[PDB]
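> Please read through the structure below; I'll follow up with questions.
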Amino acid sequence: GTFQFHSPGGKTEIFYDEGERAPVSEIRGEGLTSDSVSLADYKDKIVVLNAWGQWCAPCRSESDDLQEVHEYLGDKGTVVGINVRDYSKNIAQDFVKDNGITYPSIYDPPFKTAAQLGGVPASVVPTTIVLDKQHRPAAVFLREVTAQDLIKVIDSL
């Protein structure tokens with residue numbers, strides 16, 4: 001009954017009609033700038049998941065836009081980062097303060113979260129998943145995204 005990410009078939013993005021959606025598993029973990037971070041804290045709210053690392057040039061490039069989306073969602077939801085392959089936590093935290101990123105991140109160096117996200121490719125960073133209010137993916141992006149990529153999906157929800 002939980003989300004399973006099936007073959008993208010050469011494509012860098014996938015969209016899901018309400019009819020074909022399933023909820024993601026439980027996502028909880030050590031925060032990057034907080035004790036814990038948990039999707040359950042945003043029940044019935046829109047949630048944009050983003051796997052990133054400061055070592056990652058596309059992630060740095062798309063960082064401002066994810067901040068934009070986070071702000072655009074406001075009350076209605078949140079961005080939640082999944083910081084992967086940053087084995088030194090302090091530089092990932094430095095990146096978040098330096099760029100005025102105000103949304104939480106799960107600190108997950110080996111990207112174990114990928115397994116709970118229905119087998120989204122751990123090789124692909126950045127990855128952005130837009131969850132609807134039932135925390136079911138409406139869109140998966142296997143590529144850097146712009147703020148309008150996400151907003152367009154956001155609005156459809």
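To be explicit about the labels: the chains of the structure tokens are called A, B, and onward in the order shown, and within each one the residues are counted from 1, while ligands get numbers from 1 in the order they are shown.
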List every residue of chain A that DSSP, applied to the backbone of this structure, places in helix (DSSP H, G or I), and write the result as a ChimeraX atom specification.
/A:18-20,39-42,57-61,63-76,89-98,113-116,147-156
> Include N, CA and C atoms and write out the residues we just selected as a short mmCIF file (atom, residue, chain, number, x, y, z; two decimals), in the first residue's frame.

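The resulting file, result-v3.cif, is shown below:
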```cif
data_model
loop_
_atom_site.label_atom_id
_atom_site.label_comp_id
_atom_site.auth_asym_id
_atom_site.auth_seq_id
_atom_site.Cartn_x
_atom_site.Cartn_y
_atom_site.Cartn_z
N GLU A 18 -4.07 11.44 -9.11
CA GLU A 18 -4.59 11.02 -7.81
C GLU A 18 -4.90 9.52 -7.79
N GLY A 19 -5.49 9.03 -8.88
CA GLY A 19 -5.89 7.63 -8.97
C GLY A 19 -4.77 6.64 -8.71
N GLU A 20 -3.55 6.98 -9.11
CA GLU A 20 -2.44 6.03 -9.02
C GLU A 20 -1.50 6.29 -7.86
N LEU A 39 8.16 13.80 8.88
CA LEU A 39 7.03 14.15 8.00
C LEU A 39 5.71 14.17 8.77
N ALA A 40 5.64 13.37 9.83
CA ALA A 40 4.42 13.28 10.62
C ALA A 40 4.07 14.62 11.27
N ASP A 41 5.05 15.51 11.35
CA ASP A 41 4.80 16.86 11.87
C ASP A 41 4.09 17.74 10.85
N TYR A 42 3.95 17.24 9.62
CA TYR A 42 3.26 18.00 8.58
C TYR A 42 2.07 17.22 7.98
N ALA A 57 26.89 20.58 -7.02
CA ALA A 57 26.77 21.86 -7.71
C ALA A 57 25.33 22.16 -8.14
N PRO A 58 24.63 21.20 -8.77
CA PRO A 58 23.21 21.48 -9.04
C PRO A 58 22.40 21.82 -7.79
N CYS A 59 22.67 21.16 -6.67
CA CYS A 59 21.94 21.47 -5.45
C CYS A 59 22.14 22.93 -5.05
N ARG A 60 23.39 23.40 -5.05
CA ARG A 60 23.72 24.81 -4.76
C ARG A 60 22.99 25.76 -5.71
N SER A 61 23.02 25.41 -6.99
CA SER A 61 22.33 26.13 -8.05
C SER A 61 20.81 26.27 -7.83
N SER A 63 19.21 25.96 -5.02
CA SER A 63 18.93 26.15 -3.59
C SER A 63 18.00 27.32 -3.32
N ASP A 64 18.24 28.44 -4.00
CA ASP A 64 17.42 29.62 -3.82
C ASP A 64 15.96 29.35 -4.19
N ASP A 65 15.77 28.54 -5.23
CA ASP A 65 14.44 28.26 -5.73
C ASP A 65 13.65 27.42 -4.73
N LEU A 66 14.32 26.45 -4.11
CA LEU A 66 13.66 25.64 -3.11
C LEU A 66 13.27 26.52 -1.93
N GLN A 67 14.09 27.52 -1.62
CA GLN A 67 13.75 28.47 -0.57
C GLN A 67 12.49 29.23 -0.97
N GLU A 68 12.40 29.54 -2.25
CA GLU A 68 11.28 30.30 -2.78
C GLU A 68 9.98 29.52 -2.60
N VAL A 69 10.00 28.27 -3.07
CA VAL A 69 8.89 27.33 -2.93
C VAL A 69 8.47 27.17 -1.48
N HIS A 70 9.45 27.03 -0.59
CA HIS A 70 9.16 26.88 0.84
C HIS A 70 8.33 28.05 1.34
N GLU A 71 8.74 29.24 0.95
CA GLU A 71 8.02 30.45 1.29
C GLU A 71 6.65 30.52 0.62
N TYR A 72 6.57 30.06 -0.63
CA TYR A 72 5.33 30.10 -1.39
C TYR A 72 4.28 29.20 -0.73
N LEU A 73 4.73 28.08 -0.16
CA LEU A 73 3.82 27.15 0.48
C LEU A 73 3.27 27.73 1.78
N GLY A 74 4.13 28.40 2.53
CA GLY A 74 3.73 29.08 3.75
C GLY A 74 3.07 28.17 4.75
N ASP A 75 1.84 28.51 5.12
CA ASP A 75 1.04 27.72 6.07
C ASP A 75 0.70 26.34 5.55
N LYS A 76 0.42 26.29 4.25
CA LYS A 76 -0.12 25.12 3.58
C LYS A 76 0.85 23.95 3.51
N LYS A 89 28.99 16.88 9.04
CA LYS A 89 27.75 17.61 9.26
C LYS A 89 27.97 19.12 9.29
N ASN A 90 29.11 19.56 9.81
CA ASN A 90 29.27 20.99 10.09
C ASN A 90 29.29 21.85 8.85
N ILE A 91 29.69 21.29 7.72
CA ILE A 91 29.75 22.08 6.50
C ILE A 91 28.36 22.14 5.86
N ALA A 92 27.56 21.09 6.04
CA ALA A 92 26.18 21.10 5.58
C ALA A 92 25.39 22.15 6.37
N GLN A 93 25.56 22.18 7.69
CA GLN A 93 24.93 23.21 8.50
C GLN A 93 25.38 24.62 8.12
N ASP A 94 26.67 24.77 7.82
CA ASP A 94 27.22 26.05 7.40
C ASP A 94 26.55 26.53 6.12
N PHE A 95 26.35 25.61 5.19
CA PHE A 95 25.65 25.92 3.94
C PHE A 95 24.25 26.45 4.18
N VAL A 96 23.57 25.94 5.20
CA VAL A 96 22.17 26.30 5.42
C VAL A 96 22.06 27.72 6.00
N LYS A 97 22.96 28.06 6.91
CA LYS A 97 22.96 29.41 7.45
C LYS A 97 23.46 30.41 6.43
N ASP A 98 24.42 30.00 5.62
CA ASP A 98 25.11 30.92 4.72
C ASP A 98 24.18 31.39 3.62
N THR A 113 16.91 6.94 3.60
CA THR A 113 15.54 7.40 3.34
C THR A 113 15.03 6.97 1.97
N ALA A 114 15.95 6.74 1.04
CA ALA A 114 15.57 6.34 -0.31
C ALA A 114 14.72 5.08 -0.27
N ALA A 115 15.01 4.22 0.71
CA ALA A 115 14.34 2.94 0.85
C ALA A 115 12.89 3.12 1.32
N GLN A 116 12.67 4.17 2.10
CA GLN A 116 11.34 4.48 2.59
C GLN A 116 10.53 5.29 1.57
N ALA A 147 11.85 26.84 -9.35
CA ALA A 147 10.74 27.08 -8.44
C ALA A 147 9.39 26.90 -9.15
N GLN A 148 9.36 27.15 -10.46
CA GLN A 148 8.12 27.09 -11.21
C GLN A 148 7.76 25.63 -11.57
N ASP A 149 8.77 24.77 -11.71
CA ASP A 149 8.56 23.32 -11.82
C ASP A 149 7.66 22.87 -10.68
N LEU A 150 8.05 23.26 -9.47
CA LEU A 150 7.40 22.81 -8.26
C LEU A 150 6.08 23.51 -8.05
N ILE A 151 6.06 24.82 -8.26
CA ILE A 151 4.85 25.60 -8.06
C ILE A 151 3.71 25.10 -8.95
N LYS A 152 4.01 24.77 -10.19
CA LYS A 152 3.01 24.26 -11.11
C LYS A 152 2.36 23.01 -10.56
N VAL A 153 3.17 22.11 -10.02
CA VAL A 153 2.63 20.93 -9.37
C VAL A 153 1.87 21.36 -8.13
N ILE A 154 2.49 22.23 -7.33
CA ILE A 154 1.88 22.69 -6.08
C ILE A 154 0.45 23.15 -6.33
N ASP A 155 0.29 24.06 -7.29
CA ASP A 155 -1.02 24.61 -7.62
C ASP A 155 -2.07 23.54 -8.00
N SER A 156 -1.64 22.49 -8.70
CA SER A 156 -2.56 21.44 -9.12
C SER A 156 -3.10 20.64 -7.93
#
```
> Record the distance separating atom CA of residue A:108 and atom CA of residue A:146, expressed in Å with one decimal.
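Here the two named atoms are 23.6 Å from each other.
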> Select, from A:144, A:30, A:35, A:86, the residue with the minimum atom-to-atom distance to residue A:53, counting only C-alpha atoms.
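For residue A:53, the nearest of the candidates is A:86.
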> Show me a table, sorted first by chain and then by increasing residue number, of the residues of stretch 4-56 of chain A having an atom at most 9 Å from stretch 123-138 of chain A, each with its shortest atom pair and the distance in Å to one decimal, counting only C-alpha atoms and written as JSON lines.

```
{"residue": "A:14", "atom": "CA", "partner": "A:138", "partner_atom": "CA", "distance": 8.4}
{"residue": "A:15", "atom": "CA", "partner": "A:138", "partner_atom": "CA", "distance": 5.7}
{"residue": "A:16", "atom": "CA", "partner": "A:138", "partner_atom": "CA", "distance": 4.8}
{"residue": "A:17", "atom": "CA", "partner": "A:138", "partner_atom": "CA", "distance": 6.8}
{"residue": "A:18", "atom": "CA", "partner": "A:138", "partner_atom": "CA", "distance": 7.5}
{"residue": "A:21", "atom": "CA", "partner": "A:136", "partner_atom": "CA", "distance": 5.8}
{"residue": "A:22", "atom": "CA", "partner": "A:136", "partner_atom": "CA", "distance": 5.2}
{"residue": "A:23", "atom": "CA", "partner": "A:136", "partner_atom": "CA", "distance": 4.1}
{"residue": "A:24", "atom": "CA", "partner": "A:136", "partner_atom": "CA", "distance": 5.8}
{"residue": "A:39", "atom": "CA", "partner": "A:135", "partner_atom": "CA", "distance": 8.4}
{"residue": "A:42", "atom": "CA", "partner": "A:133", "partner_atom": "CA", "distance": 8.8}
{"residue": "A:43", "atom": "CA", "partner": "A:133", "partner_atom": "CA", "distance": 7.2}
{"residue": "A:44", "atom": "CA", "partner": "A:133", "partner_atom": "CA", "distance": 4.6}
{"residue": "A:45", "atom": "CA", "partner": "A:133", "partner_atom": "CA", "distance": 4.9}
{"residue": "A:46", "atom": "CA", "partner": "A:133", "partner_atom": "CA", "distance": 5.0}
{"residue": "A:47", "atom": "CA", "partner": "A:131", "partner_atom": "CA", "distance": 5.1}
{"residue": "A:48", "atom": "CA", "partner": "A:130", "partner_atom": "CA", "distance": 4.5}
{"residue": "A:49", "atom": "CA", "partner": "A:129", "partner_atom": "CA", "distance": 5.0}
{"residue": "A:50", "atom": "CA", "partner": "A:128", "partner_atom": "CA", "distance": 4.5}
{"residue": "A:51", "atom": "CA", "partner": "A:126", "partner_atom": "CA", "distance": 5.2}
{"residue": "A:52", "atom": "CA", "partner": "A:126", "partner_atom": "CA", "distance": 5.2}
{"residue": "A:53", "atom": "CA", "partner": "A:125", "partner_atom": "CA", "distance": 7.9}
{"residue": "A:56", "atom": "CA", "partner": "A:125", "partner_atom": "CA", "distance": 7.6}
```
> When distances are computed from only C-alpha atoms, which of A:117, A:27, A:145, A:140 shows the smallest separation from residue A:4?
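For residue A:4, the nearest of the given residues is A:117.
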> Please indicate the distance in Å from atom CA of residue A:103 to atom CA of residue A:25, rounded to one decimal place.
20.9 Å
> What is the distance, in Å and to one decimal place, between atom CA of residue A:37 and atom CA of residue A:12?
27.7 Å
> Using only C-alpha atoms, which residue out of A:141, A:78, A:5, A:11 lies closest to residue A:104?
A:78
> Stretch 45-106 of chain A: which residues are strand (DSSP E or B) by DSSP, as a ChimeraX atom specification?
/A:46-52,77-83,105-106
